[PDB]
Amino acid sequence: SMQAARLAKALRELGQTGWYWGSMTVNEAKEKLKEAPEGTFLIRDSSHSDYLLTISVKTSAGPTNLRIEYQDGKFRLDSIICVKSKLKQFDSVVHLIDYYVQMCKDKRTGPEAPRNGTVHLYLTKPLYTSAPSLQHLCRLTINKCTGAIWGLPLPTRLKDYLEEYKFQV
């Protein structure tokens, strides 16, 4: 199944992030984010039977948790919080995070909440489980400068590596 293949790829990408904490409990996440700056976030397995993954993020009021729904091959933010048409869908969960991160970096949304009930997710910087490899830190920097990696002056082997993870976070 193309959908099975899209799910296995999303899980591969997640393992490349350096900020996927696997089977961390909701209280372990509360402890780890307690001292972090507002917007610091991580992804972890959900404790809930019906969900694969949950975002944990530091707000100014303390760490909070947002589940990620996966339904018929698309990821989106937990649909209990808003109408589904306002929760953009993604084939990839890292792409989902990247989107909302890029919304905040581009100052299209800020730490204040909207008054009209649309989605409020303030994400700044991920919490790494461990230091990423230097190759991957280089990859992130190149993605932050361009998406046109195939015109870069690099060997095909290193373009193939860039193509495996096109995200900016």
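The term rigid core refers to the most C-alpha atoms you can superpose between the two forms while keeping them within 1.5 Å. For every residue, the number given is its place in the sequence shown, counted from 1.
Take 78-86 and 92-100, fit the other structures onto the shown form by the rigid core, and average the C-alpha distances in 5 other deposited structures of this protein: the farther stretch is 78-86. The higher RMS C-alpha distance to the shown form in 5 other deposited structures of this protein, out of 159-167 and 4-12, belongs to 4-12, with every structure fitted on the core.
Residue-level annotation: residue 125 has coordinates in all of the other entries compared, counting only those that model residues on either side of it, so it never reaches the one-third mark. Among other compared entries that model residues flanking residue 135, every one gives it coordinates, keeping it clear of the one-third cutoff. Set 112-120 against 31-39 and average the Cα temperature factors; 112-120 ends up higher.
Averaged over their C-alpha atoms, the temperature factors of 132-140 and 103-111 are higher for 103-111.
In this entry, the residue among 78, 72, 98, 91 with the greatest C-alpha B factor is 72. Among the modelled residues of its chain, residue 149 has a C-alpha B-factor that falls in the highest third according to the deposited record. Annotation for residue 23: C-alpha temperature factor in the middle third relative to the rest of the modelled chain, per the entry. When the modelled residues of the chain are ordered by C-alpha B-factor, residue 14 sits in the lowest third. Among the modelled residues of its chain, residue 46 has a C-alpha B-factor that falls in the lowest third, as given in the PDB entry. Residue 60: CA B factor in the highest third of modelled residues in this chain (values from the PDB entry).
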